Amino acid sequence: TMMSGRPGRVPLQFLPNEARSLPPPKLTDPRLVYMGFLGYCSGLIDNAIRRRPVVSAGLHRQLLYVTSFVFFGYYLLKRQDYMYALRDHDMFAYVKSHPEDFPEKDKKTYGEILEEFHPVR
Amino acid sequence: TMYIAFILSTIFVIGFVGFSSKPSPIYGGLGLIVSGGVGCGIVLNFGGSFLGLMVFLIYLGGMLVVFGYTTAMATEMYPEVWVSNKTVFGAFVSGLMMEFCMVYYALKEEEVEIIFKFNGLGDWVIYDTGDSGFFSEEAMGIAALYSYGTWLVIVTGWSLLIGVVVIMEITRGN
Amino acid sequence: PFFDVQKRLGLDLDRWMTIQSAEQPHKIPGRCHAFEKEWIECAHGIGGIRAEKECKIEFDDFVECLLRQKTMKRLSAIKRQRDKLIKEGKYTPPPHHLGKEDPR
Amino acid sequence: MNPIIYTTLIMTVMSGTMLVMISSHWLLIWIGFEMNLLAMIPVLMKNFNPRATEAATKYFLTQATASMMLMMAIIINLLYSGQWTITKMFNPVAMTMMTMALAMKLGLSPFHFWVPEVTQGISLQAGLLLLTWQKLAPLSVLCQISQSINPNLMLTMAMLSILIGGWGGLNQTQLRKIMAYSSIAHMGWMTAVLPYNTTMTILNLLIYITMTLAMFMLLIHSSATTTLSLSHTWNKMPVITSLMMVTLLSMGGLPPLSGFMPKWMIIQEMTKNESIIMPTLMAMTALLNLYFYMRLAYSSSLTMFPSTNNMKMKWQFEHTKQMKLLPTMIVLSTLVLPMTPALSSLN
Amino acid sequence: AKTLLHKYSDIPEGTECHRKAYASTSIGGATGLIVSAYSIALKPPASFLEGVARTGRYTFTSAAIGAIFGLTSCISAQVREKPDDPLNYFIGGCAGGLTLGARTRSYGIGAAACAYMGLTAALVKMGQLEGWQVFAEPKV
Amino acid sequence: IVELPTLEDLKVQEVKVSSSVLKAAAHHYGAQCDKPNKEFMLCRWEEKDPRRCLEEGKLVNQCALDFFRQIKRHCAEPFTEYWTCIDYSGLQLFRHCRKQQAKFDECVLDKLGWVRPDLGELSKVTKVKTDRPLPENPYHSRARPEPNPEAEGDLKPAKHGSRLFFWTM
Amino acid sequence: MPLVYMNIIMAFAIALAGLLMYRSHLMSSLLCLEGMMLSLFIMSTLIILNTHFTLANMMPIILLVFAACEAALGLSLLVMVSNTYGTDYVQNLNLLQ
Amino acid sequence: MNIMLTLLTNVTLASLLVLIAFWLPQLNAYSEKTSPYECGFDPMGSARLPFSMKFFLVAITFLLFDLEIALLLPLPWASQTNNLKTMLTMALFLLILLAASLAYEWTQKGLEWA
Ligand SMILES: CCCCCCCCCCCCCCCCC[C@@H](O)O[C@H](CO[C@H](O)CCCCCCCCCCCCCCC)COP(=O)(O)OCC[N+](C)(C)C
């Protein structure tokens, strides 16, 4: 399953205190504003399905939708960055854990190496 | 020894041979009666007596009666006996030869090759010392259900209750 | 999604019924409590995967504790051996009338 | 049946699945399915038809035998390891049966034959609920026993579910049977990747549920059923047919659309495992799955089947009893593609 | 059983054509019994003698296909003596369809069966050469 | 290959009093014989192997023998008058006889002079000194395999994050 | 594993094959299913009696309950199907296997 | 053993009574004498379908109470558990639901018996 079952950590909490230290996404992270428009269009279809005079009507509820999805979108972004930062951390710790299996291979240059040439004909 | 528990297992299995073959539900009800008493006997041999008497009571004293009601609702004229059709009787014989092959394998005394190995010999061999004070393991073992296992009691209560509700919401619809 | 809410809330409402040991009424021992106890003490931070390697021996002894499989194949081999000797050997006289009844 | 009882049933179904998602002990899982069943049958019997009755007969009969095989295989597991915790199973002859039992519970082929039929026998409400909520619990346990699965056995049903989920989909007219073959086809994609990486499964699951919520809310909104019945809707409330088109394409997984996100993560995962051929056959057949979504699109929005006259009076009357959750279920099931990475939230 | 395919797998190369051909005949027979089994299961024959007629049909056909495939393949191996390239199976593949073409008494189905069965077999050999995993282990 | 004690070394003359007779006076037997007894069982539950404590298992036998030797010279006729009353019931219930216990308990409390324990007394757990070591590892067992490291540092932000496919950030 | 267990397991296999050979009026199937139930019960109880795994002495009865419970439900459906026909499996309205 | 012996002697006893019941009077059976009784006049048809919802509508409720009493049985032994307050609620609990189940039937007019 990976990550799940990792030592330490507790099950249902949405977001570890071990996070927090990661910077929060900034207010106008483009992904986030995209959550905005996602909510926007949902709010619009909400009108169009129920006839309605689309756009101008219910501008109220439309604002509710966009605030909704941008709101949830925020925390969801926080957990996103937390998770990726997490796998990066575990990965590096593991590469220190087994230096032998992750050799620091010597880097021969092009002059040093031969390679077959295939003429175009 | 007597192998009595094992021969009971054999009568059990043929109880399912005549039962799993499908010759009017009533005779199958007989099949589960025979297999039922044989069952409670077999589990009685290890001394889990309370359970064997649960099944001999709760099951056979309950179920097969209510099946003795379904047939009143189903029946159809000229119900078939086991002998009354070539596929039914053919099926019963079909069970008998197989189980008999198993008993022949018991005569072979070799570990069974089918599916996975059956270690063979008499049943007694697996027993261990049953030493205890003035109480059977079973007694407090099931008595534990209330004090020490409330959760199951909750879900069983809830389940049976809403099962009654379901019976309502099926039969009332008509 | 193995939600483990029962763990986070600590309700333990299910966990007790698990395992051969784990406190049983009137402290009645499991028939195979020991091999099980060792085998679980072997099992923690090793977690699942490496556990099927390193703890194999313990689980094995626990298996034979459960089924008595091998001791039965042996004991069967002896009892079947004895038939060959049945004419060549007379076994033991006491079984029939030895000190085993004096023994207690 | 008055709402106060109906809601208790449906809530005890929710409980009857939540219980599977909580308990670690096996016996509580088999109890989870078992309670789920009893509470699932009656809700299929609302309105009640001579047809619906034998629908429920099908469903019960298969679910009962499935639960039976499952409990048997649990008991055999216990016999050969004396445990109750989920974890690895310790005896392949048992393990394959737990896989079979669950294979019926998902309705994967060749166990699948009940699902297209049962769907036919019930209203789109009970139908939708059957094709979404019932798909949770058995998957909820498969994710827990992904560790020891015998991948051969899993990929074979996982593929055959896609072929049968295809060929049986080209043939039918009335939509409910088609929705049945759609779902029976997606389950092939879920259960395929399961041995390799469960998080992709759960992702695909979420998309599937969102999708089929979109469709069934739409069919409810138009009360269409047989394909022709759907055909008339273009004139009355053009929007919703003009939206069935899209959600159908998202079923089809045309790449800008959200429904492409499942396949395109799946292909990734399996490709890390090598196993390069299997996803190619799978992805090729998924096309065949698409085609009847397209034909169904032709009956509906893209082209106008002749209207019946009687429709005209119906034009005066707005639809009512709006279903709040719907618009979001459309939008999430479509536009969300540049939000794949968020999948890692599922870790 | 896997032991049977394992039996067929130890060709070696193509030596002793009969030894191989018997095994391919065995596999073809197995698949024939399975197809017959589901066919009887899902198309209730009515009058059981007709059912055994059916199973005799499929079993004999698939067994035949396996036989002729196996021996043409090994013979080609023992004649061209190339003998390792995938095309070495392909003839047999092409041959196999014709066998199927004969029982069906139709040029069409025989013609198509030639081509596709041929390509499938060729891919199989190519796969033995390349260790293609079809059902790869979780590894990841 | 398992180690075993010789057939002889275990051998000890048995207590051979019948169980009813045994029970009739055992209520005192717990009260008097004791130190070897609790030493024994504590020795047993320590290391579980019986062979280890078998010798104390001899010592308790002989101790009980001395107990009855103390009995027979004094109370006996009252004693037999008692257990004969008890053995008559197949439930072995104490309630059925009782009155004789007046005879027996009095003849002992005078002629050999020491009290019967009250009903609430024997059950309580007893403190017991002992010189022999408590066993190292009674299960014997093996090594505990080395736990996976719980290594940690702190979380620097992901190197480019969400590195999958075309996504930049 | 001792032969007796093998025998009960086989009784299960027959208690399934009987359910699936499946013929005529379906009441036979509810029987065969209950037989299956009983075999699982017995096979469980013998085990819990074996290892003195005492807590699990509670399970078989609980098993029994729900299992019996679903069967108790099953008859009701049969009633309904019996209600319109006088039961037989041979008559099914639904199309496409 | 003990019990199996008494079972065998009882059943053999009864079977003995059967055999001395048939192979004894030694007289003439014949048709119409052997025809089924129907209070004189011949039956209008062999027994068929005395159908009633009012059978199962309650009989099923029997079955689901009998399963309940099956859970009631452990009670006498459970009473001696070390921790009754943990138990006692449940001891009451099921009975409430038993009653509750009945109560639900009592007034949905599902209990028309007969
Ligand atoms: C009647 C009609 C039928 C209705 C049926 C539909 C029901 C849908 C239910 C969907 C289930 C979602 C799960 C949400 C529960 C919240 C609990 C949450 O906190 O769980 C935590 C974990 O956090 C969750 O992962 C948060 C999930 C949030 C859901 C959305 C995530 C991003 C969606 C990706 C797709 C892109 C769409 C995004 C657009 C907004 C703790 O779990 P953990 O102990 O750690 O691990 C469990 C094991 N797992 C990972 C295998 C499951």
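Analysis parameters
- Residues numbered from 1 in each chain as written, not as in the entry; some residues may be left out.
- Chains lettered and ligands numbered in written order.
- Part of a larger assembly, values for the part shown.
- Heavy atoms only, no water.
- Residues with missing side-chain atoms left out of burial classes, pairs and counts.
- Near = heavy atom within 4 Å.
- Polar contact = N/O pair within 3.5 Å; in protein donor to acceptor, adjacent residues only side chain to side chain.
- Areas by Shrake-Rupley, 256 points an atom, 1.4 Å probe, with all protein chains shown as cover.
- Helix = DSSP H or I, 4+ residues; strand = E, 2+ residues; numbered from the N terminus.
- Nonpolar A, V, L, I, M, F, W, Y, C, P; charged D, E, K, R; others polar.
- Contact = heavy atoms within 4.5 Å.
- 1 Å grid on protein atoms, 1.4 Å probe; cavity = no way out; pocket = protein on both sides within 12 Å on 5 of 7 lines; lining within 4 Å.
- Points joined across faces, edges and corners; volume = space filled by probe spheres on them.
- Core = buried A, V, L, I, M, F, W, Y, C linked by side-chain atoms within 4.5 Å.
- Buried < 20%, exposed > 50% of the residue type's maximum accessible area, 1.4 Å probe, protein only.

Structure determination for this PDB entry was carried out by cryo-EM, with a resolution of 4.0 Å recorded in the header.

**Here's the deal with the site of the ligand**
Surveying the vicinity of the ligand reveals 17 residues, the closest of which are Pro11 and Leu12 of chain A together with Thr132, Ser345 and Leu346 of chain D. What surrounds the ligand is not a single chain but chains A, C and D. Within the contact set of the ligand, an oxygen atom lies 3.3 Å away from a backbone nitrogen or oxygen of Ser345 of chain D. In isolation the ligand exposes 1300 Å². Once the protein is present, 70% of that is buried. Breaking the shell around the ligand down by element, the ones donating at least two residues are α2 (59-97) of chain A together with α6 (124-132) and α10 (198-222) of chain D. Residues that form the shell around the ligand fall into these classes: 12 nonpolar, three polar and two charged.

**Description of the interface of chain B and chain G**
Between chain B and chain G, the residue contacts involve 66 residues of the former and 57 residues of the latter. Of all the secondary structure elements, the ones that give two or more residues to the side of chain B that touches chain G are α1 (4-20), α2 (25-45), α3 (49-74), α4 (86-108), α5 (137-147) and α6 (150-171) of chain B. Taken together, the residues of the side of chain B that touches chain G break down into 41 nonpolar, 18 polar and seven charged.

**With respect to the arrangement of the chains**
In this assembly, 15 pairs of chains are in contact, and the pair with the greatest number of contacts comprises chains B and G. Nowhere do chain A and chain B come into contact; their C-alpha atoms are at least 21 Å apart. No interface is formed between chain A and chain G, the nearest pair of C-alpha atoms being 28 Å apart.

**Looking at empty space enclosed by the protein**
Residue and element names in this part refer to chain D. The computed volume of the largest cavity comes to approximately 190 Å³. Lining the largest cavity are 16 residues, with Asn36, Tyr59, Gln63, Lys105 and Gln134 sitting closest to its centre. Listed by contribution, the elements that provide at least two residues to the lining of the largest cavity are α2 (26-40), α3 (50-79), α5 (114-120), α6 and α7 (136-142). Counting residues per element, the lining of the largest cavity draws most heavily on α2, which supplies four residues. Considering only residue class, the lining of the largest cavity consists of nine nonpolar, four polar and three charged.

**Section: the nonpolar core**
Soluble globular proteins tend to pack their nonpolar side chains together in the buried interior. Ranked by internal contacts, the top residues of the largest apolar core, which has 257 residues, are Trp26 and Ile31 of chain D. Among the elements that make up this core, the one with the highest residue count is helix α3 (residues 59-85) of chain G (18 residues). Setting aside anything within four residues of it in sequence, one finds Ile31 of chain D in contact with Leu152 and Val155 of chain B, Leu19 of chain D together with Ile62 and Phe66 of chain G.

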